[PDB]
Structures are given as C-alpha cells and as structure tokens.
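Some notes on the structure that comes next.
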Amino acid sequence: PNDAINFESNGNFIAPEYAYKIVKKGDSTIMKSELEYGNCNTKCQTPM
Amino acid sequence: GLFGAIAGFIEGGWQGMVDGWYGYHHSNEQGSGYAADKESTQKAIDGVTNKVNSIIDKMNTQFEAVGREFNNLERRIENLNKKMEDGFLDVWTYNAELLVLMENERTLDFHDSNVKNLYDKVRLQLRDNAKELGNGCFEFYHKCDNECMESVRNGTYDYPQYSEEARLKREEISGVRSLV
Ligand SMILES: *[C@@H]1O[C@H](CO)[C@@H](O[C@@H]2O[C@H](CO)[C@@H](O[C@@H]3O[C@H](CO)[C@@H](O)[C@H](O)[C@@H]3O)[C@H](O)[C@H]2NC(C)=O)[C@H](O)[C@H]1NC(C)=O
C-alpha cells in the first residue's frame, strides 16, 4: 500500500492491464490431483 | 501370560459367559450357572477406553503437512525437501507401529491380572471355609446357597458365620473322629 511502481522501456515490452488484489489471506495449497469435482463436502481432502 | 491366569491355571475361557469379560460360575443344590463381575469388567473397560483416548490425544500434534514446489535446476534442494518428509513419515510410522505393539502387550497382560486378582479376592475372603482345588476353583466345606454366592461375588462373605459348619467338616475329613 501507498507504493508507486514506475515502468520505462523503449521496446520489447509486454505491459500490464490488470493487477491482482490480495483480499482474503490464509491457508490453502496448490493441490496436484487429476480428478475433477464431485459436488461433495468434507473436512479432510487428499489428492486421491 | 505374565500374571499366569488367562491361559494359565484357569485353562481357557468360558463361552457361556457373555455379559462381561470376567466372572464366576457356581454350583450348588439349587443353582449352577455363570455370572459376570460387571463392576470390575467395568473398571477394566474404563482403562482400555482411556488408553485409546490417550493415543488419539497424542496424535494431533504430529509433524504437519502442506505443499511445496521446485524448479528443474533446484533439483538437490527438492531432494532435501524429500529426504525430510520421508524422514518424518519414517519416524511417525515407527512410533505408531511400536506404540501399538507395546501397548498391545501391556493390555493383554493387564487382563491377566484383572483375573488373577479376582481369584485372590474370593480366596482371601473364604479361608479355610473352602478348599482351593487348584484349577481356578474353590469348593466349600460348608454348603453355601445362592444368597451366599452373591455375598462371595459382591465381596462380603462372612467367615465367622459358617466357621463351625465348615470346621465340623474339616474336623471329620481329617478322620480325627475315626479314633473312637
Ligand atoms: C501514493 O499515494 C499515497 C496515498 O496518498 C501517498 O502517501 C501519502 O503521502 C503523503 C505525503 O505526500 C503522506 O503525508 C506525510 O505525512 C507525514 C507525517 O504525518 C508528514 O510529516 C509529511 O510532510 C507528509 O505530508 C501521507 O501520510 C501518505 N499516506 C499514507 C497514509 O501512507 C504517497 O505519496 C504515494 N506513494 C509514493 C510515496 O510514491
């Protein structure tokens, strides 16, 4: 917050349109399974 | 086992006893039949139950687990990450496996006293009012009806009450009377 970020380039530049606000911060992981959703609810999840 | 009751002098269990883990069978002119010592089967269960609940309560602060990801040229810090988790899961497996194996041995040798010590209570109450027969079992010198069995069973037998009944018998199966 309250920080500026100043770009400058004379070529070869792929610029942002959109950035990303960190709203909710907490717990999660990037789980590495290959199953798709099954509409259930748990309190324990594992990739299998 | 250790205490020498279960699979010891008391050779094998009775299938006829269903109400509980330990008990008494009897025989007398009216009766004959089993009856579990619930109050001490009950005390035993309070134990074994606490034991399970103690182990669950030790296994909520294991080493925790959440996930992490590695570059192709960081391969050897990937390794270190792996040796680590695979170190910790080698260690909590051993602790689980061994705890169960040990607490299993103790639980089995716990039941083996529960039964010995029950046998010793009956014994200490009945003294020379009854003949310890040695296969887990006592036979009385004085006849002792269903109302007297409970008294032994609920642990308030009364030695002086049957003393002269009993010792008339002891006195005569000593054949000391055979001298007249
Ligand atoms: C981006 O925008 C933020 C928000 O407006 C700017 O932060 C604000 O900058 C002003 C000064 O320009 C801060 O005021 C200062 O306060 C101190 C002490 O109270 C005073 O002694 C100084 O004379 C000055 O006026 C203000 O607090 C600050 N806002 C907050 C709450 O952070 C900022 O200038 C911009 N980003 C930058 C610095 O590139």
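Top line first, the protein sequences correspond to chains A and B.
When we follow this note's numbering, the leftmost residue of the first sequence carries the number 1, and every step to the right adds one.
When we follow this note's numbering, the leftmost residue of the second sequence carries the number 49, and every step to the right adds one.
By construction, the Cβ of each residue, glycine as well, lies at the ideal position given by its N, Cα and C atoms.
Self-check item: Whether residue 200(B) touches residue 174(B) by CB criterion (9 Å)
Solution: Yes, the Cβ-Cβ distance between residue 200(B) and residue 174(B) is below 9 Å.
Practice problem: Report back the beta-carbon spacing between residue 190(B) and residue 210(B) to the nearest angstrom; my notes put them in contact at under 8 Å. | Solution: The pair is a contact, with the Cβ atoms about 4 Å apart (cut-off 8 Å).
Practice problem: Give the interface partners of residue 42(A) over in chain B, defined as CB-CB distance under 9 Å, in chain order. | Solution: Those within 9 Å of residue 42(A) in chain B number zero; the least Cβ separation is about 16 Å.
Exercise. Could you tell me which chain B residues have their CB closer than 9 Å to the CB of residue 46(A), listed as they occur along the chain?
Key: Within 9 Å Cβ-Cβ: nothing; residue 46(A) doesn't reach chain B, min ~10 Å.
Quiz item: Would you say the beta carbon of residue 105(B) comes nearer than 8 Å to a heavy atom of ligand 1?
Solution: Result no, Cβ not under 8 Å from ligand 1.
Quiz item: When you compare only the Cα positions, how much space is there between residue 172(B) and residue 203(B)?
Solution: Roughly 10 Å separates the two Cα atoms.
Quiz item: Got a list of residues with beta-carbon closer than 5 Å to any non-hydrogen atom of ligand 1, in chain order?
Solution: Taking each Cβ in turn, the ones that pass are 2(A) and 4(A).
Quiz item: Under a CB-based cut-off of 9 Å, is residue 115(B) close to chain A?
Solution: So yes, residue 115(B) belongs to the interface.
Quiz item: Can a CB atom of chain B be found closer than 9 Å to the CB of residue 25(A)?
Solution: So no, residue 25(A) is outside the interface.
Exercise. Confirm the yes/no value for this check: CB of residue 214(B), any heavy atom of ligand 2, distance under 8 Å.
Key: This structure does not include ligand 2; its bound ligands are ligand 1.
Quiz item: In chain order, what residues of the same chain have a beta carbon less than 6 Å from the beta carbon of residue 33(A), not counting five sequence neighbours either side?
Solution: The residues are 47.
Exercise. Inspect the beta-carbon positions of residue 93(B) and residue 160(B) and report whether they are closer than 9 Å.
Key: Result no, Cβ atoms of residue 93(B) and residue 160(B) do not sit closer than 9 Å.
Quiz prompt | Same chain only: Cβ atoms within 8 Å of residue 86(B), ignoring 5 sequence neighbours per side | solution = Same-chain partners within the cutoff: 67 and 68.
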